[PDB]
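Below you'll find the structure, written out as structure tokens, and then a few comments.
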Amino acid sequence: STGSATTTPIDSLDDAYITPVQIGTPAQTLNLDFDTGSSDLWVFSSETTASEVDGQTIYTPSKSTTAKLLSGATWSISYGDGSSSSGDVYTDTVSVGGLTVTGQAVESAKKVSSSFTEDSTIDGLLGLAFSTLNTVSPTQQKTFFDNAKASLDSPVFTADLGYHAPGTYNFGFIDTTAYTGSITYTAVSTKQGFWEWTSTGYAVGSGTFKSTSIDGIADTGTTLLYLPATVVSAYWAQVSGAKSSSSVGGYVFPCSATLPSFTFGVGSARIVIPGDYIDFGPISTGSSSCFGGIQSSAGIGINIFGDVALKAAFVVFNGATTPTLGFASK
């Protein structure tokens, strides 16, 4: 089997991407944030504290003839950005782009943090990291991909995120029309539960490539590119007037600037992030100070190849017995 679904930016900055997901019988379609940095499929629901729901579409398990309460199971998650959610668990039928999993754990939120409430466009998350990170207790549950894998034509999914435009998540096949050149595959460590890999270096603009190992995670659920302070300083030094602002929470730059590209290495291959992908617009409405899309990972504890990096590539998440990651230009 295979599946193919369009993923759409939630706003004009590509702050996140939403993908429609069918849950239950009859189908209830919710728009979920596919997150290769976490491993829970959780949704706003009829059980979510009413004051914490503001415009989201909810899953109502009592209206699904295939929903079953997973007795005694609870979940609770905290994300790198400080947001969180928790609740109980149903199993139900879940379909993405024509690919169907029966008995998928659907984690129903009883509580969500303010950041989730305040974002009316995201109805929940669909985790695509390794199932070892799943938070369901006392019996850990499998991700949608893990459940689907054996049925797929090939045990893979691909992320093809757009810049200021829709893109695609495919399951079970590689669309050879969706990228240019070849896909370069690179080793993955699953030791921390992430799609963790080592970039071979970087360049800023038309500058020389610096060969250096950068361990980080391919994370579709993180907006920006978080890299070591040395790398980030070298990038922003090429933008007149750019500075790190403790008050704003990262590098800012004059909105009048033209940003240089940023290249990262995948083995001997190179992925080029155009400068415009690194512009996250005014820090507040009407400001001429703009927020940068490349930020320091210092104090995160891990480097994160988030959407800024991934959307410059066609990315293969290869869930073979020994997982790997593939990157192609597009």
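All Cβ positions, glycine included, derive from the backbone under ideal geometry; neighbour counts span all protein chains shown. Derivation of every value follows stated rules applied to the coordinates shown; laboratory data play no part.
In nm, to one decimal, how far is the modelled label at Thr74 from the one at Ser233, with both set 7 Å along Cα→Cβ?
4.6
Could you tally the net charge around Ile302, taking each other residue with its Cβ under 10 Å from the Cβ of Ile302, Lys/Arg +1 and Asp/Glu -1?
-3
Please give the FRET efficiency for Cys255 paired with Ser182, using the beta carbon to beta carbon distance and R0 = 30 Å, rounded to the nearest 0.05.
0.20
Net charge near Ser62: determine it from the other residues with C-beta under 12 Å of the C-beta of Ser62, scoring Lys and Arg +1 and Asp and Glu -1.
That sum, taken over residues with Cβ under 12 Å, equals 0.
Filter the chymotrypsin sites (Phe, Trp or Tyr not before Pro) in the range 1-50 down to the DSSP loop ones having no more than 16 other Cβ atoms within 10 Å, then list what survives.
Loop-located and lightly packed - none at all.
For a quick check, take a GNM of the chain with Cα springs below 10 Å and name the residue from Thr91, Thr66, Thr177 with the largest mean-square fluctuation.
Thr177
For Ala165 paired with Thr324, estimate the spin-label separation in nm (one decimal), with each label point 7 Å from Cα along the Cα-to-Cβ line.
Distance between the two pseudo-spin positions: 2.9 nm.
What value, in deg cm²/dmol to 500, does the helix sum -39500 (n - 2.57) over DSSP H runs of n ≥ 4 give at 222 nm once divided by the residues of the chain?
Here the helix-only value at 222 nm equals -1500 deg cm²/dmol.
Count charges around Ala257 for me, please; just the other residues with Cβ under 15 Å from its Cβ, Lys/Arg as +1, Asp/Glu as -1.
-1
Would you mind calculating the gained length between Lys243 and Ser4 on full extension (0.36 nm times residue separation, minus the Cα-Cα distance), in nm to one decimal?
Net length gain for the segment: 81.9 nm.
Excluding residues on the same chain fewer than 8 positions from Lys330, give the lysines whose Cα lies under 21 Å from its Cα.
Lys311
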